[PDB]
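> Data: query14.cif, mmCIF, C-alpha atoms and all ligand atoms.
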data_coords
loop_
_atom_site.label_atom_id
_atom_site.label_comp_id
_atom_site.auth_asym_id
_atom_site.auth_seq_id
_atom_site.Cartn_x
_atom_site.Cartn_y
_atom_site.Cartn_z
CA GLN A 1 0.00 0.00 0.00
CA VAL A 2 1.02 3.57 -0.75
CA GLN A 3 1.53 5.66 2.41
CA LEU A 4 -0.49 8.86 2.67
CA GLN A 5 0.32 11.94 4.77
CA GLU A 6 -2.53 14.38 5.48
CA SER A 7 -2.51 18.00 6.74
CA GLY A 8 -4.81 21.00 7.15
CA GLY A 9 -8.49 21.10 8.12
CA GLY A 10 -9.98 21.80 11.55
CA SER A 11 -12.52 24.50 12.40
CA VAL A 12 -13.48 27.59 10.42
CA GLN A 13 -16.31 30.13 10.39
CA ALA A 14 -18.98 29.79 7.71
CA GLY A 15 -18.06 31.47 4.44
CA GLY A 16 -14.34 31.01 5.24
CA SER A 17 -11.54 28.96 3.64
CA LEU A 18 -9.48 25.91 4.60
CA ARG A 19 -6.76 24.05 2.73
CA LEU A 20 -5.98 20.35 2.94
CA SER A 21 -2.89 18.68 1.63
CA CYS A 22 -1.92 15.04 1.07
CA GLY A 23 1.41 13.43 0.28
CA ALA A 24 1.89 10.00 -1.32
CA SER A 25 4.96 7.85 -0.66
CA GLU A 26 5.13 7.16 -4.40
CA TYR A 27 3.64 8.16 -7.69
CA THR A 28 0.05 7.43 -8.50
CA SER A 29 -2.02 8.54 -11.47
CA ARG A 30 -4.92 9.95 -9.46
CA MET A 31 -5.44 11.45 -6.00
CA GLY A 32 -8.58 12.88 -4.40
CA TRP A 33 -10.62 13.49 -1.26
CA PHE A 34 -13.90 11.94 -0.14
CA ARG A 35 -15.83 12.88 2.99
CA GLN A 36 -18.35 11.36 5.33
CA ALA A 37 -20.96 13.40 7.19
CA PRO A 38 -22.76 11.65 10.09
CA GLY A 39 -25.12 8.87 8.97
CA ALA A 40 -24.42 9.74 5.32
CA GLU A 41 -22.90 7.77 2.45
CA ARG A 42 -19.24 8.36 1.60
CA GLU A 43 -19.12 11.35 -0.80
CA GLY A 44 -16.46 11.86 -3.42
CA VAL A 45 -15.55 15.52 -3.37
CA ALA A 46 -12.54 16.26 -5.66
CA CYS A 47 -9.98 14.31 -7.72
CA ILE A 48 -6.96 15.16 -9.87
CA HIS A 49 -5.51 13.21 -12.78
CA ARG A 50 -1.78 13.88 -12.46
CA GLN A 51 -0.42 13.48 -16.04
CA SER A 52 -3.16 15.64 -17.53
CA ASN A 53 -3.74 18.01 -14.63
CA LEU A 54 -7.47 17.51 -15.29
CA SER A 55 -9.67 17.79 -12.22
CA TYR A 56 -13.02 16.48 -11.15
CA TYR A 57 -15.52 17.79 -8.55
CA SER A 58 -18.87 16.69 -7.14
CA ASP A 59 -21.85 18.93 -7.79
CA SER A 60 -21.91 19.86 -4.10
CA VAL A 61 -18.50 21.59 -4.18
CA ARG A 62 -17.83 22.58 -7.80
CA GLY A 63 -17.12 26.32 -8.08
CA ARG A 64 -15.98 26.54 -4.42
CA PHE A 65 -13.17 23.97 -4.14
CA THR A 66 -10.04 23.70 -6.30
CA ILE A 67 -7.82 20.63 -6.35
CA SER A 68 -4.27 20.97 -7.60
CA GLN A 69 -0.90 19.24 -7.30
CA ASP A 70 2.81 19.91 -6.97
CA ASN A 71 5.25 19.98 -9.84
CA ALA A 72 6.78 16.71 -8.53
CA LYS A 73 3.37 14.93 -8.68
CA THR A 74 3.77 13.62 -5.11
CA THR A 75 1.16 15.79 -3.39
CA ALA A 76 -2.38 17.12 -3.90
CA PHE A 77 -3.83 20.30 -2.45
CA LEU A 78 -7.50 21.04 -1.78
CA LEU A 79 -8.51 24.67 -1.37
CA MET A 80 -11.99 24.89 0.15
CA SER A 81 -13.67 28.32 0.01
CA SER A 82 -17.18 29.62 0.80
CA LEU A 83 -17.54 26.83 3.34
CA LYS A 84 -20.95 25.99 4.81
CA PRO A 85 -22.30 23.74 7.62
CA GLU A 86 -23.15 21.20 4.88
CA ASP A 87 -19.34 20.85 4.47
CA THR A 88 -18.80 19.66 8.04
CA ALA A 89 -17.40 16.12 7.73
CA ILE A 90 -14.31 13.97 8.09
CA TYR A 91 -12.26 14.41 4.92
CA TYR A 92 -10.16 11.46 3.76
CA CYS A 93 -7.37 11.60 1.20
CA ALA A 94 -7.41 8.73 -1.29
CA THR A 95 -5.90 7.26 -4.42
CA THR A 96 -8.18 5.92 -7.14
CA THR A 97 -8.06 4.26 -10.57
CA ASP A 98 -10.83 6.54 -11.80
CA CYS A 99 -11.60 10.12 -10.81
CA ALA A 100 -15.09 10.26 -12.34
CA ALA A 101 -16.09 7.03 -10.60
CA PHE A 102 -14.41 8.39 -7.48
CA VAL A 103 -16.37 11.65 -7.61
CA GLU A 104 -19.58 9.67 -7.99
CA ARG A 105 -19.07 6.75 -5.57
CA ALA A 106 -15.82 7.27 -3.62
CA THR A 107 -14.43 4.02 -5.02
CA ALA A 108 -10.76 4.13 -3.90
CA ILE A 109 -7.55 2.07 -3.98
CA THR A 110 -6.43 3.21 -0.55
CA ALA A 111 -7.53 5.96 1.85
CA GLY A 112 -5.89 8.05 4.58
CA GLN A 113 -6.90 8.15 8.26
CA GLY A 114 -8.92 11.32 7.68
CA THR A 115 -9.05 14.90 8.86
CA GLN A 116 -11.95 16.57 10.63
CA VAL A 117 -13.44 19.64 9.03
CA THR A 118 -16.03 21.60 11.02
CA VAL A 119 -17.82 24.74 9.84
CA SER A 120 -19.61 26.91 12.43
CA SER A 121 -22.50 29.34 11.91
CA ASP B 1 -31.01 -7.02 -57.63
CA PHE B 2 -32.75 -6.91 -54.22
CA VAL B 3 -34.31 -3.44 -54.58
CA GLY B 4 -37.91 -3.32 -55.83
CA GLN B 5 -39.09 -6.26 -53.73
CA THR B 6 -41.59 -6.08 -50.88
CA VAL B 7 -40.39 -8.11 -47.88
CA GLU B 8 -42.31 -9.55 -44.93
CA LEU B 9 -40.73 -9.02 -41.51
CA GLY B 10 -43.07 -10.16 -38.78
CA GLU B 11 -46.37 -8.39 -39.49
CA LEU B 12 -44.50 -5.60 -41.32
CA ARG B 13 -44.60 -5.38 -45.12
CA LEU B 14 -41.63 -3.37 -46.41
CA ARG B 15 -40.79 -2.13 -49.94
CA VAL B 16 -37.04 -2.01 -50.59
CA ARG B 17 -36.57 1.57 -51.95
CA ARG B 18 -32.77 1.77 -52.53
CA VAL B 19 -29.20 0.95 -51.45
CA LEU B 20 -27.78 3.28 -48.82
CA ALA B 21 -24.51 1.41 -48.18
CA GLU B 22 -22.61 -1.79 -49.08
CA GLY B 23 -19.14 -3.22 -48.20
CA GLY B 24 -18.18 -6.79 -47.26
CA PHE B 25 -20.64 -8.72 -45.13
CA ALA B 26 -23.75 -6.65 -45.70
CA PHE B 27 -25.91 -4.20 -47.63
CA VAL B 28 -28.06 -1.50 -46.06
CA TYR B 29 -31.30 -0.42 -47.72
CA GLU B 30 -33.91 2.27 -47.31
CA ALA B 31 -37.24 0.52 -46.89
CA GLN B 32 -40.85 1.62 -46.49
CA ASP B 33 -43.69 -0.15 -44.70
CA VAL B 34 -46.27 -0.48 -47.50
CA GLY B 35 -49.26 -0.39 -45.12
CA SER B 36 -48.25 2.39 -42.71
CA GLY B 37 -45.89 4.35 -45.03
CA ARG B 38 -43.26 4.47 -42.22
CA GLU B 39 -39.57 4.43 -43.18
CA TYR B 40 -36.67 2.33 -41.89
CA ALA B 41 -33.12 1.28 -42.49
CA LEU B 42 -32.92 -2.39 -43.38
CA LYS B 43 -29.60 -4.17 -43.10
CA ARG B 44 -29.39 -7.49 -44.95
CA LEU B 45 -26.52 -9.77 -43.91
CA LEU B 46 -25.86 -12.89 -46.00
CA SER B 47 -24.04 -15.93 -44.58
CA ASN B 48 -22.63 -19.16 -45.94
CA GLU B 49 -20.71 -20.01 -42.73
CA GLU B 50 -21.58 -20.95 -39.18
CA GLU B 51 -18.94 -18.60 -37.87
CA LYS B 52 -20.52 -15.68 -39.78
CA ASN B 53 -23.90 -16.82 -38.43
CA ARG B 54 -22.55 -16.36 -34.90
CA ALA B 55 -21.04 -12.99 -35.72
CA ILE B 56 -24.26 -11.80 -37.32
CA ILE B 57 -26.56 -12.98 -34.52
CA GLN B 58 -24.22 -11.48 -31.91
CA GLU B 59 -24.36 -8.08 -33.68
CA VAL B 60 -28.19 -8.22 -33.62
CA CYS B 61 -28.27 -9.18 -29.93
CA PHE B 62 -25.99 -6.23 -29.20
CA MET B 63 -28.28 -3.93 -31.15
CA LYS B 64 -31.34 -5.20 -29.26
CA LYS B 65 -29.67 -4.63 -25.92
CA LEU B 66 -28.26 -1.18 -26.59
CA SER B 67 -31.38 0.19 -28.32
CA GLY B 68 -33.30 2.76 -26.30
CA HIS B 69 -30.42 5.22 -26.04
CA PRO B 70 -30.58 8.63 -27.78
CA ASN B 71 -27.25 8.04 -29.53
CA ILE B 72 -27.69 4.42 -30.68
CA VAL B 73 -29.90 3.63 -33.68
CA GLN B 74 -33.27 2.33 -32.53
CA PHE B 75 -33.75 -1.41 -33.06
CA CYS B 76 -37.20 -2.05 -34.55
CA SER B 77 -37.10 -5.74 -35.58
CA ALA B 78 -35.02 -8.62 -36.97
CA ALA B 79 -35.70 -11.82 -38.89
CA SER B 80 -34.07 -14.69 -40.76
CA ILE B 81 -34.46 -17.16 -43.58
CA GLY B 82 -32.54 -20.47 -43.67
CA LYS B 83 -30.67 -21.38 -46.86
CA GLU B 84 -33.44 -23.76 -47.95
CA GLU B 85 -35.80 -20.80 -48.32
CA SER B 86 -33.81 -17.93 -49.95
CA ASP B 87 -32.97 -16.79 -53.49
CA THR B 88 -29.28 -16.58 -52.50
CA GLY B 89 -28.74 -20.20 -51.38
CA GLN B 90 -27.51 -18.64 -48.15
CA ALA B 91 -28.59 -17.73 -44.64
CA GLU B 92 -30.34 -14.31 -44.67
CA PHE B 93 -30.44 -12.04 -41.65
CA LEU B 94 -32.61 -8.94 -41.77
CA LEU B 95 -32.10 -6.10 -39.34
CA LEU B 96 -34.67 -3.28 -39.17
CA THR B 97 -33.98 -0.02 -37.33
CA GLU B 98 -34.76 3.67 -37.45
CA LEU B 99 -33.66 5.29 -40.71
CA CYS B 100 -30.99 7.95 -40.32
CA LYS B 101 -30.36 11.00 -42.51
CA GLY B 102 -26.87 9.95 -43.57
CA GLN B 103 -23.31 8.97 -42.66
CA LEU B 104 -21.48 11.54 -40.54
CA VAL B 105 -18.56 11.82 -42.98
CA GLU B 106 -20.90 12.97 -45.76
CA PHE B 107 -21.94 15.95 -43.62
CA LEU B 108 -18.33 16.56 -42.60
CA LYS B 109 -17.32 16.60 -46.29
CA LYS B 110 -19.91 19.34 -46.94
CA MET B 111 -18.92 21.44 -43.90
CA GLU B 112 -15.27 21.12 -44.95
CA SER B 113 -15.87 23.80 -47.62
CA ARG B 114 -17.08 26.37 -45.06
CA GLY B 115 -13.99 26.50 -42.85
CA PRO B 116 -12.64 24.20 -40.13
CA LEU B 117 -15.33 22.62 -37.94
CA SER B 118 -16.55 25.00 -35.28
CA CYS B 119 -15.28 23.94 -31.87
CA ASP B 120 -18.88 23.93 -30.65
CA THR B 121 -19.87 21.52 -33.39
CA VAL B 122 -16.88 19.25 -32.68
CA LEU B 123 -17.97 19.27 -29.05
CA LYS B 124 -21.53 18.20 -29.91
CA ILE B 125 -20.40 15.49 -32.31
CA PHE B 126 -17.90 14.05 -29.84
CA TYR B 127 -20.05 14.30 -26.70
CA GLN B 128 -22.84 12.42 -28.39
CA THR B 129 -20.44 9.78 -29.74
CA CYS B 130 -19.05 9.42 -26.16
CA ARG B 131 -22.49 9.12 -24.60
CA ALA B 132 -23.16 6.13 -26.88
CA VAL B 133 -19.91 4.48 -25.83
CA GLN B 134 -20.64 5.20 -22.15
CA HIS B 135 -23.99 3.39 -22.60
CA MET B 136 -22.09 0.30 -23.72
CA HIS B 137 -19.51 0.54 -20.94
CA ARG B 138 -22.26 0.88 -18.30
CA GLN B 139 -23.84 -2.43 -19.14
CA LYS B 140 -23.15 -5.20 -16.63
CA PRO B 141 -21.05 -6.67 -17.97
CA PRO B 142 -19.58 -3.81 -20.08
CA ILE B 143 -19.93 -4.07 -23.83
CA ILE B 144 -16.69 -3.26 -25.68
CA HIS B 145 -17.10 -1.81 -29.18
CA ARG B 146 -13.58 -2.40 -30.53
CA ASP B 147 -14.02 -0.76 -33.96
CA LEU B 148 -14.81 2.90 -33.20
CA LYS B 149 -14.16 5.19 -36.14
CA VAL B 150 -15.77 8.28 -37.61
CA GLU B 151 -16.95 6.54 -40.84
CA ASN B 152 -19.28 4.33 -38.85
CA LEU B 153 -21.14 7.18 -37.17
CA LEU B 154 -24.48 8.40 -38.51
CA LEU B 155 -26.56 11.52 -38.14
CA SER B 156 -30.26 11.04 -37.31
CA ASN B 157 -33.15 12.98 -38.83
CA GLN B 158 -33.15 15.08 -35.65
CA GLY B 159 -29.45 16.02 -36.10
CA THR B 160 -27.98 13.78 -33.38
CA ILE B 161 -25.19 11.22 -33.58
CA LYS B 162 -26.06 7.52 -33.91
CA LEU B 163 -23.68 4.61 -33.45
CA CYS B 164 -24.69 1.66 -35.70
CA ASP B 165 -21.78 -0.80 -36.14
CA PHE B 166 -21.83 -3.50 -33.43
CA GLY B 167 -20.27 -6.29 -35.45
CA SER B 168 -16.93 -6.12 -33.64
CA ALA B 169 -18.39 -5.66 -30.15
CA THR B 170 -17.70 -8.15 -27.36
CA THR B 171 -18.39 -8.84 -23.70
CA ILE B 172 -18.45 -11.63 -21.11
CA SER B 173 -21.23 -14.27 -21.40
CA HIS B 174 -22.93 -15.84 -18.37
CA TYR B 175 -21.95 -13.00 -16.05
CA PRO B 176 -23.42 -13.34 -12.51
CA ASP B 177 -26.42 -10.98 -12.26
CA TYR B 178 -17.97 -9.50 -8.14
CA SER B 179 -15.45 -7.88 -10.50
CA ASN B 180 -14.33 -4.30 -11.17
CA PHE B 181 -11.42 -5.11 -13.50
CA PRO B 182 -10.76 -3.39 -16.84
CA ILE B 183 -11.75 -5.71 -19.70
CA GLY B 184 -11.07 -3.66 -22.86
CA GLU B 185 -12.91 -0.38 -22.31
CA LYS B 186 -9.61 1.50 -22.56
CA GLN B 187 -9.02 0.43 -26.16
CA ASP B 188 -12.35 2.16 -26.95
CA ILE B 189 -11.11 5.38 -25.42
CA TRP B 190 -7.94 5.29 -27.54
CA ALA B 191 -10.07 4.91 -30.63
CA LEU B 192 -12.17 7.87 -29.46
CA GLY B 193 -9.02 9.92 -28.95
CA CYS B 194 -8.14 9.40 -32.58
CA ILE B 195 -11.68 10.52 -33.57
CA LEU B 196 -11.45 13.75 -31.56
CA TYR B 197 -8.02 14.43 -33.14
CA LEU B 198 -9.41 13.62 -36.61
CA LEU B 199 -12.53 15.80 -36.20
CA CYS B 200 -10.36 18.76 -35.18
CA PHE B 201 -7.43 18.38 -37.55
CA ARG B 202 -8.92 16.34 -40.42
CA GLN B 203 -6.17 13.67 -40.28
CA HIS B 204 -5.25 10.61 -38.15
CA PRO B 205 -2.72 11.30 -35.31
CA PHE B 206 -0.57 8.31 -36.34
CA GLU B 207 0.31 8.09 -40.06
CA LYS B 208 4.16 9.06 -31.29
CA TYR B 209 1.90 11.97 -32.29
CA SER B 210 1.82 15.74 -32.26
CA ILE B 211 -0.97 18.23 -31.71
CA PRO B 212 -0.42 21.23 -34.05
CA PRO B 213 1.74 23.65 -31.96
CA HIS B 214 -0.05 26.95 -32.82
CA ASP B 215 -3.68 25.76 -32.95
CA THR B 216 -5.74 28.39 -31.14
CA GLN B 217 -9.14 27.16 -32.28
CA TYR B 218 -9.22 23.64 -30.69
CA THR B 219 -6.94 24.50 -27.74
CA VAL B 220 -9.81 23.65 -25.40
CA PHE B 221 -9.53 19.94 -26.37
CA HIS B 222 -5.76 19.59 -26.29
CA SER B 223 -5.40 18.10 -22.81
CA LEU B 224 -8.26 15.63 -23.37
CA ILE B 225 -6.69 14.31 -26.60
CA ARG B 226 -3.37 13.73 -24.81
CA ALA B 227 -5.19 12.11 -21.90
CA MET B 228 -7.17 9.74 -24.15
CA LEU B 229 -4.04 8.81 -26.10
CA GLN B 230 -1.98 7.77 -23.04
CA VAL B 231 0.08 4.81 -24.12
CA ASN B 232 -0.47 3.31 -20.65
CA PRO B 233 -4.07 2.04 -20.47
CA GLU B 234 -4.31 2.48 -16.66
CA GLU B 235 -3.34 6.15 -17.06
CA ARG B 236 -5.78 6.57 -19.95
CA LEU B 237 -9.14 8.10 -19.06
CA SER B 238 -12.29 6.06 -18.66
CA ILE B 239 -15.38 7.12 -20.58
CA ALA B 240 -16.83 8.56 -17.36
CA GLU B 241 -13.64 10.65 -17.02
CA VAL B 242 -13.92 11.78 -20.64
CA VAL B 243 -17.64 12.60 -20.49
CA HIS B 244 -17.19 14.53 -17.19
CA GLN B 245 -14.66 16.83 -18.85
CA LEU B 246 -16.80 17.16 -21.97
CA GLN B 247 -19.61 18.51 -19.78
CA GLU B 248 -17.22 21.04 -18.14
CA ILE B 249 -16.04 22.18 -21.56
CA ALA B 250 -19.71 22.47 -22.62
CA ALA B 251 -20.53 24.57 -19.55
CA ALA B 252 -17.49 26.79 -20.20
CA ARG B 253 -18.72 27.51 -23.77
CA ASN B 254 -22.40 27.75 -22.78
CA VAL B 255 -23.29 24.90 -25.15
CA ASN B 256 -25.92 22.17 -24.75
CA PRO B 257 -23.96 19.21 -26.12
CA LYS B 258 -27.04 16.92 -26.37
CA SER B 259 -28.89 19.31 -28.59
CA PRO B 260 -29.40 18.78 -32.29
CA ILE B 261 -26.30 19.57 -34.35
CA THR B 262 -28.27 21.86 -36.63
CA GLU B 263 -25.12 23.45 -38.12
CA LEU B 264 -24.64 20.12 -39.93
CA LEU B 265 -28.19 20.26 -41.31
CA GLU B 266 -27.97 23.47 -43.35
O1 LIG A 301 -30.39 4.78 -40.79
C1 LIG A 301 -29.67 3.80 -40.59
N1 LIG A 301 -29.86 2.84 -39.64
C2 LIG A 301 -28.86 1.87 -39.67
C3 LIG A 301 -28.70 0.73 -38.89
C4 LIG A 301 -27.60 -0.08 -39.13
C5 LIG A 301 -26.69 0.23 -40.13
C6 LIG A 301 -26.86 1.36 -40.91
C7 LIG A 301 -27.95 2.20 -40.70
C8 LIG A 301 -28.43 3.42 -41.31
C9 LIG A 301 -27.90 4.12 -42.42
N2 LIG A 301 -28.50 5.22 -43.00
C10 LIG A 301 -27.73 5.67 -44.07
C11 LIG A 301 -27.99 6.72 -44.95
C12 LIG A 301 -27.09 6.95 -45.98
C13 LIG A 301 -25.95 6.16 -46.12
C14 LIG A 301 -25.69 5.11 -45.24
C15 LIG A 301 -26.59 4.85 -44.20
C16 LIG A 301 -26.66 3.84 -43.14
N3 LIG A 301 -25.87 2.89 -42.79
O2 LIG A 301 -24.68 2.79 -43.56
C17 LIG A 301 -23.91 1.69 -43.06
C18 LIG A 301 -22.45 2.07 -43.21
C19 LIG A 301 -21.77 2.14 -41.86
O3 LIG A 301 -22.03 0.94 -41.13
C20 LIG A 301 -20.28 2.33 -42.05
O4 LIG A 301 -19.56 1.35 -41.32
#
Would you write out, as structure tokens, the structure that this file holds?


Amino acid sequence: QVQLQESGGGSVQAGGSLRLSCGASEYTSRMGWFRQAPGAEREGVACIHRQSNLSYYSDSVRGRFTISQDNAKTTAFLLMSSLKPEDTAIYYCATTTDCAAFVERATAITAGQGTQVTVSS
Amino acid sequence: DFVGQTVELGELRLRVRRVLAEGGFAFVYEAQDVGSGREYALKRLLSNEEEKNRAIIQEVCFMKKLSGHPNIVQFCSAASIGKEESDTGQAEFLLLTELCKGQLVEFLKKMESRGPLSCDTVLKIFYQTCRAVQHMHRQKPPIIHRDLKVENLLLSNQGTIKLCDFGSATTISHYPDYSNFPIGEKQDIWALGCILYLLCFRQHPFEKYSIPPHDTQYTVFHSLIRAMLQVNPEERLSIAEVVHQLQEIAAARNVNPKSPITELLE
């Protein structure tokens, strides 16, 4: 298994911004984040295809989040703006074979331990 | 000498108006239901071999299954005659479907003399082609097309793309009604990549490839072409990945990509 290293998250006031980052111990073609709110299904949020730099978002977060990566293709970054209570969840970094499937189902190869994100109004 | 005849096909009585297309295995004809006046495409496939029988019947089964999608020709009926009963001395398979307005290339030829294809029109052509392929890949098990090329695509009377050639398609038989393994879908995406390149640049990317360095018209597609022509099939995009990006491109250009491609109809 690839080893993932997660940072960022925590608490923020509604309408604010947080950034998550995630480092992989080796190259993979695709990296993303899914989240899980209480009682809810896993929800694919954002995913990047490294060689193409193409990026995929769920309907819930498109226009507010931006996923990007480092030049060395070892790390992904998630910038979350205009945050709302709906975005309170544990956010888990993940690798996947398919970003569109990932954004729709959160089907993953391997997943990190997660970070808490809480948004207060 | 098949045109002129009126042919029974179930309770349909169809007059064979003319030849639309030919080739190796089959002929395609325009036909008209004598009673109702309704029009169809009728594909007649002739067979002297059991192996061809299997190929032909498999193509029809694929057409039955995939019918019902906006971008696949609508299956209407099919029928056969054993060799004992036909004026060929051969097995006869008849396939009846919706009649389309023409082959896509014919319309591309005519647009060719009005400038390069508008990026919007390339987007509509390709999105609709990709939606058809996604419909095959979504089946459980996935149906793999294996011979995607622009010549095989049609344009319907309503100006939308229709995939019609399922004679090379394959899948797994007797699939339990768990596996999430790639089984050939990625070859389909490669073929699609070549179509997108072709539609933009009016040539095939191979006879390594090269997107024209100073193209500022089809720039919006450049990264998707490269992504669909990854040598490595695991790195190559799935059809869901391709379609997702095609919708984002569409949104960016304020285009409805499912709409009739009426620029091809003038
Ligand atoms: O309307 C149509 N429904 C179909 C179902 C199966 C196969 C062909 C067709 C078809 C066609 N309508 C037209 C109209 C003008 C010229 C060709 C043509 C057609 N099919 O042509 C078959 C060639 C294609 O399979 C190339 O590989």

> Quick one: which chain B residues come within 10 Å of ligand LIG 301 (chain A), and what is the nearest atom pair for each with the distance in Å to one decimal, counting only C-alpha atoms and all ligand atoms, rows ordered by chain and ascending number, as a tab-separated table?


residue	atom	partner	partner_atom	distance
B:19	CA	A:LIG301	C13	8.1
B:20	CA	A:LIG301	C13	4.4
B:21	CA	A:LIG301	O2	4.8
B:22	CA	A:LIG301	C18	7.0
B:23	CA	A:LIG301	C18	8.0
B:26	CA	A:LIG301	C17	8.7
B:27	CA	A:LIG301	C17	7.7
B:28	CA	A:LIG301	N3	5.9
B:29	CA	A:LIG301	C9	7.8
B:30	CA	A:LIG301	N2	7.5
B:39	CA	A:LIG301	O1	9.5
B:40	CA	A:LIG301	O1	6.8
B:41	CA	A:LIG301	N1	4.6
B:42	CA	A:LIG301	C3	6.9
B:43	CA	A:LIG301	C4	6.0
B:44	CA	A:LIG301	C5	9.5
B:60	CA	A:LIG301	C4	9.8
B:63	CA	A:LIG301	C4	8.9
B:72	CA	A:LIG301	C3	9.1
B:73	CA	A:LIG301	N1	6.0
B:74	CA	A:LIG301	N1	7.9
B:75	CA	A:LIG301	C3	8.0
B:76	CA	A:LIG301	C3	9.9
B:95	CA	A:LIG301	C4	7.5
B:96	CA	A:LIG301	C3	7.2
B:97	CA	A:LIG301	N1	5.5
B:98	CA	A:LIG301	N1	5.4
B:99	CA	A:LIG301	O1	3.3
B:100	CA	A:LIG301	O1	3.3
B:101	CA	A:LIG301	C11	5.5
B:102	CA	A:LIG301	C11	3.7
B:103	CA	A:LIG301	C13	5.2
B:104	CA	A:LIG301	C13	8.9
B:105	CA	A:LIG301	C20	9.7
B:106	CA	A:LIG301	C13	8.5
B:147	CA	A:LIG301	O4	9.5
B:148	CA	A:LIG301	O4	9.5
B:149	CA	A:LIG301	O4	8.4
B:150	CA	A:LIG301	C20	8.7
B:151	CA	A:LIG301	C20	5.5
B:152	CA	A:LIG301	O4	3.9
B:153	CA	A:LIG301	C19	6.9
B:154	CA	A:LIG301	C9	6.7
B:155	CA	A:LIG301	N2	8.2
B:156	CA	A:LIG301	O1	7.2
B:157	CA	A:LIG301	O1	8.9
B:162	CA	A:LIG301	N1	8.3
B:163	CA	A:LIG301	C4	8.3
B:164	CA	A:LIG301	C4	4.8
B:165	CA	A:LIG301	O3	5.3
B:166	CA	A:LIG301	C4	8.8
B:167	CA	A:LIG301	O3	9.4

> Considering only C-alpha atoms, state which residue in the set B:205, B:142, B:193, B:182 is at the smallest distance from residue 62 (chain B).

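Selected residue with least distance to residue 62 (chain B): B:142.
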
> Find the axis-aligned box for region 201-212 of chain B, covering all its listed atoms and adding 3 Å on each side, and write its centre and edge lengths in Å to one decimal as AutoDock Vina command-line options.


--center_x -2.4 --center_y 14.7 --center_z -35.9 --size_x 19.1 --size_y 19.1 --size_z 15.1

> Taking only C-alpha atoms into account, report as an NGL selection string which residues of chain B lie within 6 Å of chain A.

:B and (227 or 240-241)

> Residues within 12 Å of residue 38 (chain A), please, as a PDB file with C-alpha atoms, in the frame of the given file. Count all atoms listed in the file; anything in the same chain fewer than 4 positions from it doesn't count.


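Generated file (part21.pdb):
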ATOM      1  CA  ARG A  42     -19.240   8.360   1.600  1.00  0.00           C
ATOM      2  CA  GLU A  43     -19.120  11.350  -0.800  1.00  0.00           C
ATOM      3  CA  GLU A  86     -23.150  21.200   4.880  1.00  0.00           C
ATOM      4  CA  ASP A  87     -19.340  20.850   4.470  1.00  0.00           C
ATOM      5  CA  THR A  88     -18.800  19.660   8.040  1.00  0.00           C
ATOM      6  CA  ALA A  89     -17.400  16.120   7.730  1.00  0.00           C
ATOM      7  CA  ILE A  90     -14.310  13.970   8.090  1.00  0.00           C
ATOM      8  CA  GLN A 116     -11.950  16.570  10.630  1.00  0.00           C
TER       9      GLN A 116
END

> Would you kindly return, as a ChimeraX atom specification, each protein, DNA or RNA residue with an atom no farther than 10 Å from any atom of region 65-72 of chain A, considering only C-alpha atoms and excluding same-chain residues fewer than 4 positions away?

/A:17-23,27,31-33,45-50,53-58,60-61,76-83

> Fewer than 3 positions away in the same chain doesn't count, so skip those; otherwise give me all residues within 7 Å of residue 11 (chain A), counting all atoms listed in the file, as a PyMOL selection string.

chain A and resi 117-119

> Tell me, as JSON, numbers by chain, which residues lie within 7 Å of residue 128 (chain B), counting all atoms listed in the file; anything in the same chain fewer than 5 positions away does not count.

{"B": [71, 161, 258]}

> I'd like to know which of B:2, B:206, B:127, B:178 is closest to residue 221 (chain B), using all atoms listed in the file.

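Ranking B:2, B:206, B:127, B:178 by distance to residue 221 (chain B), first place goes to B:127.
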
> Could you jot down the CA of residue 68 (chain B) to CA of residue 259 (chain B) separation for me, Å, one decimal place?

17.3 Å

> Find the residues around residue 196 (chain B) up to 12 Å (all atoms listed in the file counted), leave out those fewer than 3 positions away in its own chain, and share them as number ranges by chain.

B: 117, 119, 121-130, 148-150, 189-193, 199-205, 211, 218, 220-229, 242, 246

> Between CA of residue 109 (chain B) and CA of residue 158 (chain B), what is the distance, to one decimal in Å?

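If I compute the distance from CA of residue 109 (chain B) to CA of residue 158 (chain B), I get 19.1 Å.
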